[PDB]
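Peer 1: Could you work out the structure for the sequence below:
(2 chains)
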Amino acid sequence: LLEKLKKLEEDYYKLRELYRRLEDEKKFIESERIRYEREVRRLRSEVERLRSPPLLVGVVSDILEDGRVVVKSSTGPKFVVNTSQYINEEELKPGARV
Amino acid sequence: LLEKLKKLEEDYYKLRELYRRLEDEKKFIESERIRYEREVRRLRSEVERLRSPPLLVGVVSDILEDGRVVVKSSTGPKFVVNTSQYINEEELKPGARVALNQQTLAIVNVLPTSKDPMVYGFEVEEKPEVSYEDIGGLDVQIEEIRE
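Peer 2: Numbers count the residues shown, from 1 in each chain, chains lettered A, B, ... in the order given. Coordinates below:
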């Protein structure tokens, strides 16, 4: 009766005060999401600038165990190059057109 | 009594549900935030590494008593380049294939010698699957060579 109604009131009151503040907090997190999305698109534009020509033929002369691959240009310089993770030097083998 | 306590209760129930439904909605938006977040770190990092300038090859062809090392570069032409201090002059000999900077052309690393025309063309790839326990009848032959 009077005991019961006081209890469900205490719950609905308490849950409210908690949930309003969580909502307001997370209101701002929506904006934060827009910020990151844009920055992902910007960086994906850079990935593409690489992919574009002018592109030049190399053939792998050797692989050095230290984190560089000795690759001879068809223009003429052999050079030691540091890979990324988009391609790897695992993919590369000796005599490999690149 | 019972009317009064319930009328309070009703309105508290209505507005709790409202706030509750938007918290869940913007919760999904937060998980989305996490996903983009990872992508920003990742795309950036890997792009940077290839931008990084690579170093040219040269072969110490002459060495000088002025601290200068004449290195014939892989461009073709021959150059007089000055060694650094990460690479010493008692750490260099003529005939040593060495690494020169792309942008200043100074000896900045060593790349032993000679590594051509293919040092995997020599063959040094993959240890063989035979062992002494997988051979029998050549007992005598093993002993001498093993030792």
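
Peer 1: Nearest the middle, which residue of chain A would you pick?
Peer 2: residue A:40 (7.3 Å; Cα atoms, centre = their mean).

Peer 1: Residue A:62: which element?
Peer 2: Taking DSSP states H and E as the definition, residue A:62 sits inside strand A:58-64.

Peer 1: Could you name the helices and strands sitting against that strand?
Peer 2: Helices and strands touching strand A:58-64, by 3 or more Cβ pairs under 8 Å, 6 or more residues apart in numbering or on different chains; DSSP states H and E, are strand A:68-73. All C-beta atoms are positioned from the backbone trio N, CA, C, and that covers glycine.

Peer 1: just the angle between the strand it packs on and strand A:58-64, please?
Peer 2: Between strand A:68-73 and strand A:58-64, the angle comes out at 150 degrees (axes from the mean of the first three to the mean of the last three Cα atoms, to 10 degrees).

Peer 1: mind checking how far strand A:68-73 is from the chain centre?
Peer 2: 28 Å (Cα atoms, centre = their mean, to the nearest Å).

Peer 1: what's next to whichever helix or strand comes after that strand, contact-wise?
Peer 2: Once the chain leaves strand A:68-73, the next helix or strand it forms, by DSSP H and E, is strand A:78-81. For strand A:78-81, contacts defined as Cβ atoms under 8 Å, 6 or more residues apart in numbering or on different chains pick out A:61, A:64, A:68-73, B:50, B:54-57, B:74, B:99, B:102, B:109, B:111.

Peer 1: which element is residue A:9 on?
Peer 2: Using DSSP H and E, the element containing residue A:9 is helix A:2-27.

Peer 1: touching chain B at all, the helix or strand that that helix is followed by?
Peer 2: Downstream of helix A:2-27, the first helix or strand assigned by DSSP H and E is helix A:29-51. Yes - using Cβ under 8 Å from any Cβ of the partner chain, we find that helix A:29-51 touches chain B at A:29-30, A:32-33, A:36-37, A:39-40, A:43-44, A:46-47, A:50.
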